[PDB]
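All values below were derived from every heavy atom in this structure, side-chain atoms included, with hydrogens, water molecules and symmetry-related copies excluded. Numbers restart at 1 for each chain; the letters A, B, ... are given by sequence-line order, proteins then strands. Both ligands and their constituent atoms are indexed starting at 1 by order of listing.
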Amino acid sequence: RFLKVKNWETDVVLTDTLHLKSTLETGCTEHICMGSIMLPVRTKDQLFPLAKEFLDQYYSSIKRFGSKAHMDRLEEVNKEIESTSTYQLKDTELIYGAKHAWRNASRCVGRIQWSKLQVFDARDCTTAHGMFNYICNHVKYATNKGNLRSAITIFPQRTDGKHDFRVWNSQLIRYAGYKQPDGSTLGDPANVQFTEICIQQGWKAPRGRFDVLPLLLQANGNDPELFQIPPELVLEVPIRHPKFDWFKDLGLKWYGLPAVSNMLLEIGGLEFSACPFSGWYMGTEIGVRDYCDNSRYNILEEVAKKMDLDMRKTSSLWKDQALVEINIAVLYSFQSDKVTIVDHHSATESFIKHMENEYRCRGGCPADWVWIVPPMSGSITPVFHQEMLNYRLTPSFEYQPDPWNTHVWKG
Amino acid sequence: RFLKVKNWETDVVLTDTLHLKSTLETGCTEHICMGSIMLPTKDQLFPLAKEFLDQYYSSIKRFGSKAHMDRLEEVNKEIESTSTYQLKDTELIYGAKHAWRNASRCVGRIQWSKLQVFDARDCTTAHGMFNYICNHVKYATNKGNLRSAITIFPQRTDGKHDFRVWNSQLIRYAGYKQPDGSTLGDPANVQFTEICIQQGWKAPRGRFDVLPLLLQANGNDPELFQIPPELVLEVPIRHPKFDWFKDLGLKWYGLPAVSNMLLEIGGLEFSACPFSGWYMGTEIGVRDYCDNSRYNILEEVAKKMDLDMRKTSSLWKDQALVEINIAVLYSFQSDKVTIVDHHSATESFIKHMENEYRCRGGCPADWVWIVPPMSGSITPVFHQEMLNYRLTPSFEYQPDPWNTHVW
Ligand code: HEM
Ligand code: HEM
Ligand SMILES: Cc1cc(N)nc(CCCCCCCc2cc(C)cc(N)n2)c1
Ligand SMILES: Cc1cc(N)nc(CCCCCCCc2cc(C)cc(N)n2)c1
Ligand SMILES: C[C@H](O)[C@H](O)[C@H]1CNc2nc(N)[nH]c(=O)c2N1
Ligand SMILES: C[C@H](O)[C@H](O)[C@H]1CNc2nc(N)[nH]c(=O)c2N1
Ligand SMILES: [Zn+2]
């Protein structure tokens, strides 16, 4: 079977065969497309197939498919699963696995970078204090004084699902949000609930607009524990505008390191419930979403007032104008301080080259158009006009429920 | 099997039950999503008719009535005897309005019940088609106070006698390839212009030449007709602060009017059914002007603005884009030609969508098309989950007729 995708700007047509390896489901059927829906313990029985499929992939990639080493490794994992009910990945398999979960991440525009990923193996970790130390080292390595380096840290896999490692933070670095009695919000409205949990667990909140949240770390299924990331490890950029001198007085700043900590990494049927990973920002994640979503810092109106735009009618495009200026400011600021950042033109162009390369060398590149297209200026980026096919390959990153909904409190 | 959609900005959650009445296929499977692919006998006809007339009689609250049973029997006898049937005027009007209502890619559906339907089923020649189309254009244009309309030519019979408008829109600009190797005019219309030239059109060879209509009646060879120039309302494009903008020599036409789609009602196929509304600004300012494969003017505008075009990260493309879109809205407004901006249009669509969930149990919507091509996430549709599925009556794509027509 061959599926074809067209680029409507270039008329370039690509042929996908890779979708023949998809397994998980999309959410869609022949009768309903769920392409814009945000959220669409295993037995021995299901596990060996999942292991075998992964190991066949790994051994093929190293050009040892069907070798003695390959056969011995299948046998060894088979027996391990039979007597212990799970198995342990070799370091090389873990590295390959983590890289491939990124490569397979259909919502990620940054995948040209997938093969450069520093993998920190934290499977010897046993306590929350151990987790903290691992996470500080990740943050310090990844930050690299502004010259950002992609990295992932992987904590022990799930066993009975009663002993899970979890980072309760959605990202390693994020700002607190506090709902005020008057119904307004100080800081980041997205993190209000998590901030209440931190406070309830005994965090002493500074109660400012940009308070870096503490880490809340669960090891081996125990109750989570609080830790403050050392401030000197948290690189931040004050936001200023190249021509507008009043922009700095809005008091805005952001952190340099985007680091997702709430996802589940699946490799060969194993589940790594704590696997924080980080890269560097595309400017629109801060300038469009973090700053301009109505449910976030929501600064559009204030910016447009200061620019003296005509705000009496939407048709003056005042919002569009302020939006662009805010995004110029974010890129200017990061660049001026030498903190790695990529604009949405550069990132989507690199993504299309990556995608074409993948079709040629791998036979496809699953991609989720809804997420890949940037949240401003969509159609003047080359991804807008590119047809894409979304399907699920393993290894993969998956959503998991927030741990405060599922955690069995010990006390 | 009953589905929830959430808005991630407002936390409003709606339940879709309408999708259970969905009929055609999406292109998607449980293994692969094709959400971003642009194009993913008496026996068959009676169920299609019944399904339609049932929904019709339900809508006027006469479901199961004698008049309902009588029409069903009437239509059944007509199909068995004639191999087809004819819609009552009321059914035709209901069906055309519902095809718009069901158009999952249309942001402007709050307006769906205000559609003037022109019944041209009595039309027999290409000359007749031309007269009907001029009247549509004039009625819909209304000197700039635009009114939604559709004109419906006779339905398909044996498929050898199709009515077709060969143009993709009633009003579009010609495209010509130059000795230079560049393109003069609209690059999207190069092929269609060639056919027009080939059929005899005398091309002016300008940058904004309104194409002639190429009209096919009763499966005959199509004929050329020029729309009276005084019926084509055009708008010169200027900017409220940039004095130099008018010197780019840009204009666009006021009436967006799709002419290449097929309207299916109760199994009957209307292969020529031009329909028109009014523009959302970004259709002209982002797509028509700024697509690389269309008028592609970003670079010229950026240069006149004197932006740093050395690096993508100065966001010069984005700045010039916004300015071009301001100019479009400004020019249409100054000349009192109806236009809607993408903020106002998407806000209306969210209100429409809540009405439809409340009153109909859902609203099929294709997010990839609903979200405007600029400033996506500052419009409320970006944060709105949508379910895409196909309901009839419907507008459908059909093959370009020159690939199909036996000459
Ligand atoms: C190298 C720099 C990177 C850039 C510029 C980048 C870019 C992005 C962007 C813009 C998004 C969408 C975020 C949003 O709009 O909310 C995203 C999503 C994602 N990326 Fe990346 N990415 C990078 C590195 C990585 C790395 C290192 C990984 C994992 C190893 C990764 C895995 C993911 C995943 C799983 C998603 C989807 C998240 C979700 O569904 O919530 N990315 N990427
Ligand atoms: C009244 C003002 C209207 C507005 C503002 C509007 C808005 C739009 C927009 C922005 C698109 C996407 C266009 C593109 O990106 O190429 C669209 C698509 C569409 N609209 Fe509307 N619309 C209007 C009236 C109508 C009417 C009167 C009908 C039918 C009677 C209609 C049926 C459709 C269909 C079938 C599509 C998708 C066309 C395709 O798939 O090629 N619209 N609409
Ligand atoms: C409801 C919901 C579901 C979901 N899957 N994801 C979200 C939040 C989306 C935020 C993604 C975080 C940033 C992604 C990212 C990750 C990395 C590693 C680098 C970079 N530049 N950007 C919400
Ligand atoms: C290959 C292909 C398939 C397809 N379905 N559509 C296209 C392009 C779509 C052209 C859309 C025409 C304009 C839409 C429109 C129509 C109306 C009636 C009003 C308004 N404001 N805008 C290409
Ligand atoms: C409903 C819709 O799917 C949702 O708002 C999505 C749309 N596209 C997105 N795209 C990216 N990159 N990030 C997001 O958070 C979203 N949100
Ligand atoms: C590949 C992608 O589906 C295609 O370029 C679409 C994207 N969204 C669109 N949305 C609208 N309204 N109109 C279009 O022409 C397109 N093009
Ligand atoms: Zn789908």
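For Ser295(A) (side chain) and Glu9(B) (main-chain N/O), a donor-acceptor pair under 3.5 Å exists by modelled atom type. A donor-acceptor pair under 3.5 Å links the side-chain atoms of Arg123(A) to the main chain of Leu89(A), judged by distance alone.
Contact annotation for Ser278(A) and ligand 1: only backbone heavy atoms (N, CA, C, O) come within less than 4.0 Å of the ligand. Residue contacts with ligand 1, taken as heavy atom pairs separated by less than 4.0 Å, involve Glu285(A) solely via side-chain atoms from C-beta onward. Contacts with ligand 1 closer than 4.0 Å are made by side-chain heavy atoms of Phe277(A) only, the backbone lying farther away.
Among all protein heavy atoms, the one lying closest to atom 24 (C) of ligand 1 is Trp102(A) CZ2, 3.3 Å. Nearest protein heavy-atom contact of atom 38 (C) of ligand 1 is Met263(A) SD, 4.0 Å. Ranking protein heavy atoms by distance to atom 7 (C) of ligand 1, first place goes to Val109(A) CG1, 3.7 Å. From the protein, the heavy atom lying nearest to atom 4 (C) of ligand 1 is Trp280(A) O, 3.5 Å.
More than 12 heavy-atom neighbours from other residues, nucleotides or ligands sit within 6.0 angstrom of NZ on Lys311(B). More than 12 non-hydrogen atoms from other residues, nucleotides or ligands lie less than 6.0 angstrom from CD of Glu30(A). With a 6.0 Å radius and a threshold of 12 heavy atoms from other residues, nucleotides or ligands, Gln171(A) has its CD atom above the threshold. Few gaps surround NZ on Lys6(B); more than 12 heavy atoms of other groups in view lie less than 6.0 Å from it.
Comparing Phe397(A), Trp114(A), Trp371(A) against atom 15 (O) of ligand 1, the shortest heavy-atom distance belongs to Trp371(A). Considering each of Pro375(A), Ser170(A), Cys108(A), the one bringing a non-hydrogen atom nearest atom 33 (C) of ligand 1 is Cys108(A). Of all the listed residues (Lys99(A), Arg149(A), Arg107(A)), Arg107(A) holds the heavy atom that lies closest to atom 40 (O) of ligand 1.
For the side-chain hydrogen bond (donor to acceptor under 3.5 Å, both in side chains) criterion with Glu236(A), the lone passing option out of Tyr255(A), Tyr175(A), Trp254(A) is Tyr175(A).
For ligand 1, the atoms lying closer than 4.0 Å to a non-hydrogen atom of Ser150(A) are 1 (C).
Side-chain contact check for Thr92(A) and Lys90(A): no donor-acceptor pair (N or O, by modelled atom type) lies under 3.5 Å. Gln113(A) and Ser150(A) share no side-chain donor-acceptor pair at under 3.5 Å.
The contact shell of ligand 5, taken as protein residues with any non-hydrogen atom closer than 4.0 angstrom, comprises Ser36(A), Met38(A), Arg289(A), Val370(A), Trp371(A), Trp367(B), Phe382(B), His383(B), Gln384(B), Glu385(B).
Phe194(A) contributes atom CZ, which lies 7.5 Å from atom OG of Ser170(A) (distance to the nearest 0.5 angstrom). For the atom pair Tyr332(A) OH and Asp337(A) CG, the distance stands at 9.5 Å (nearest 0.5 Å).
To the nearest 10 degrees, the angle centred on the Zn ion (ligand 7) between SG in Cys33(B) and SG in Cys33(A) reads 100°.
Not a single heavy atom of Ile152(A) lies less than 4.0 angstrom from ligand 1.
For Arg392(A) and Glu398(A), the salt-bridge test passes: some basic side-chain N is under 4.0 Å from an acidic carboxylate O.
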